[PDB]
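Visitor: No letters, just coordinates:
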């Protein structure tokens, strides 16, 4: 019941979005062509 | 009406974000240059 609450889902989504944004900026910065 | 609720949108967004994070980590791990 705790893991299915809206607040926990929002927090986890925000953290994963931040990590994905950092990783995507890292990937885009590494360009050779 | 069920598919447009906030809870369903949050759950679907969280699941898709998790899948995208896993896929992005898979892509970044596969680097050759």
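Guide: That came through, no problem. Numbering: from 1, shown residues only, chains lettered A, B, ... in the order given.
Visitor: and residue A:15, how many neighbours?
Guide: Applying other CB atoms under 10 Å in any protein chain shown, we find 12 other residues in the vicinity of residue A:15. Any C-beta I mention is one placed from the backbone N, CA and C, and that applies to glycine too.
Visitor: Secondary structure element for it, which one?
Guide: Using DSSP states H and E, residue A:15 falls within helix A:6-29.
Visitor: how about that helix: buried residues?
Guide: Applying a neighbour-count criterion of 16 or more other CB atoms under 10 Å in any protein chain shown, the buried positions in helix A:6-29 are A:9, A:13, A:16, A:20.
Visitor: overlap between those residues and the residues near chain B?
Guide: A:9, A:13, A:16, A:20 (CB under 8 Å from any CB of the partner chain).
Visitor: Dump those to TSV, plus distance to residue B:24.
Guide: Listed next are those as TSV, based on distance: CB to CB, whole Å:
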residue	distance to residue B:24
A:9	20
A:13	15
A:16	10
A:20	6
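Visitor: Looking at those residues, which one is closest to residue B:1?
Guide: Residue B:1 has its nearest neighbour among these in residue A:9, at 20.4 Å by CB to CB.
Visitor: Please tell me how far residue A:5 sits from chain B.
Guide: 10 Å (CB to the nearest CB, to the nearest Å).
Visitor: ok, now which ones touch the residue of chain A most remote from its centre?
Guide: Distance from the C-alpha centroid of chain A peaks at residue A:33, with 26.7 Å (CA atoms, centre = their mean). By CB atoms under 8 Å, 6 or more residues apart in numbering or on different chains, the contact set of residue A:33 is empty.
Visitor: just residue A:16 next, same as before
Guide: Contacts of residue A:16 (CB under 8 Å, 6+ apart): B:17, B:18, B:21.
Visitor: filter those residues by proximity to chain A?
Guide: Okay, of the contacts of residue A:16 touching chain A (CB under 8 Å from any CB), that's B:17, B:18, B:21.
Visitor: for those residues, which one is nearest residue B:4?
Guide: residue B:17 (19.3 Å).
Visitor: residues touching the closest one, list them.
Guide: A:13, A:16, A:17, A:20.
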